[PDB]
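One chain is shown next in structure tokens, namely the form deposited in one PDB entry.
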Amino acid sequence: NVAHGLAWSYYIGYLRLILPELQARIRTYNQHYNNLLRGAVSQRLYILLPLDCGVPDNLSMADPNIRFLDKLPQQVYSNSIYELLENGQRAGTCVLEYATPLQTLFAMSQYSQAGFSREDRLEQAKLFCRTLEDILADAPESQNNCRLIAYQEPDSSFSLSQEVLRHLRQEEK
């Protein structure tokens, strides 16, 4: 039942650290990194939670319509702005990253001495989102600075860019 510790550490040792000074680093990119143009990166941190726990080290490997734009300026943690493409053109920009602890779950199910099957993994990943949802709920302001994008995959097709673009548009209003 590793999910509990996974969620607490991820909030306590990461989110609660970067999330407070988050929107600031963004308006800095949007308004103080250029003279000629205002940037339009969303205000929130988008966290990918594939319940499959696959974490490609390049999001273009997950979707060529997700392209790295720039590093979120600092103030040390490194974050990444991405543009999302739709029909060959930019539909949004946000800071985007995987929830790193899913790597632990993935790796746990590739390691014999753990007795960890794909079904264990899934059961644990879902548990992880729910625990994290709950922590962020009872955590002041934090829940508002970020949005959780949990998803699985069928056997049709799946667009990660469309998935993000949803919240990226559903938040414009």
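One rule holds for the numbers: they count along the sequence shown, beginning at 1.
Keep in mind that the form solved in complex with a small molecule is missing from the display, and what follows is about it.
- Taking 43, 109, 28, 143 one by one, only a single residue has any non-hydrogen atom within 4.5 Å of the small molecule in the deposited bound form, and it is 28.
- Of the candidate stretches 143-151, 29-37, 130-138, 113-121, only 29-37 has residues whose heavy atoms lie within 4.5 Å of the small molecule in the deposited bound form.
- At the 4.5 Å threshold, heavy atoms of residue 74 reach the small molecule in the deposited bound form.
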